[PDB]
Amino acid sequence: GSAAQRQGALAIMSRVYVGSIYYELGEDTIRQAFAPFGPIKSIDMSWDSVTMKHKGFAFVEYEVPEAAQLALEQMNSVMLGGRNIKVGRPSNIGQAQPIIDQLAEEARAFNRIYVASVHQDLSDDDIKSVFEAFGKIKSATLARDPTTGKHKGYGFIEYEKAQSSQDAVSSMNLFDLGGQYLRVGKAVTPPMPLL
């Protein structure tokens, strides 16, 4: 995978198909429902010019593949506006699948977990202390706004041992911290995929 191919895959991996959206629901409802797994980068909502409304589906785009993966595993069939929404991976890809597979394989070489819904008051050291209860930590870093320096509600933690990362995901996904429920999952891409 050339740096360009890998980047193309990462973008596809960051989006999820969302279908069976109740006609009365809009972008804001969707955003609110999918934001817990990472901050939404954008949403492409279907739209019909004659009827003046969406076609019942949308593509939610996240800043990282791990957020889309968690949303995929936790938002499927959730009831919104009286309907059980459907969540899936984009059907397009077109030949991006082998790169995606390669990234998933490369990710297994790291004991990295993705953490979302991290309360604003928590700091890197705070998250680190909490999570090092499951094992020794190589690094714990919260993504930050390049301008402000405030964290964006999510981060990555790398453990020395696989058992530690497995124990952490199992114990911390949906763990109530600071008033919100953390959304935790195993990484689906290696740390510096384009290196």
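The term rigid core refers to the maximal set of C-alpha atoms that superpose within 1.5 Å between the two forms. Residues carry their position along the shown sequence, with the first being 1.
Undergrad: Figure out for me whether 72 to 80 or 116 to 124 is the more displaced stretch in 4 other deposited structures of this protein, taking RMS C-alpha distance from the shown form once the rigid core is superposed.
TA: Clearly, after the core fit, the stretch farther away in 4 other deposited structures of this protein is 72 to 80.
Undergrad: Can you check if residue 49 is missing its coordinates in at least one third of the other PDB entries compared, counting only those that model the residues either side of it?
TA: Other entries vs residue 49: at least a third skip it.
Undergrad: Return whichever of 152 to 160 and 49 to 57 has the greater mean Cα B factor according to the PDB record.
TA: Per the PDB record, 49 to 57.
Undergrad: Looking only at CA atoms, which has the higher mean B factor in the entry: 166 to 174 or 141 to 149?
TA: The recorded data point to 141 to 149.
Undergrad: Checking the entry, which one of 71, 107, 96, 115 has the top C-alpha B factor?
TA: In this record, 96 carries the highest C-alpha B-factor of the candidates.
Undergrad: Lowest, middle or highest third: which one holds residue 185 when the chain's residues are ordered by CA B-factor from the entry?
TA: Residue 185: CA B-factor falls in the lowest third of its chain.
Undergrad: Which third, lowest, middle or highest, does the C-alpha temperature factor of residue 84 belong to within its own chain?
TA: For residue 84, whose C-alpha B-factor we compare with every modelled residue in the chain, the answer is the highest third.
Undergrad: Ranked by Cα temperature factor within the chain, is residue 25 in the lowest third, the middle third or the highest third?
TA: For residue 25, whose C-alpha B-factor we compare with every modelled residue in the chain, the answer is the highest third.
Undergrad: Relative to the other modelled residues in the chain, which third contains the C-alpha temperature factor of residue 91: lowest, middle or highest?
TA: Highest third of the chain for residue 91's C-alpha B-factor.
Undergrad: Taking the values exactly as deposited, rank residue 102 by C-alpha B-factor within its chain and report the matching third: lowest, middle or highest.
TA: It belongs to the middle third of the chain when residues are ordered by C-alpha B-factor.
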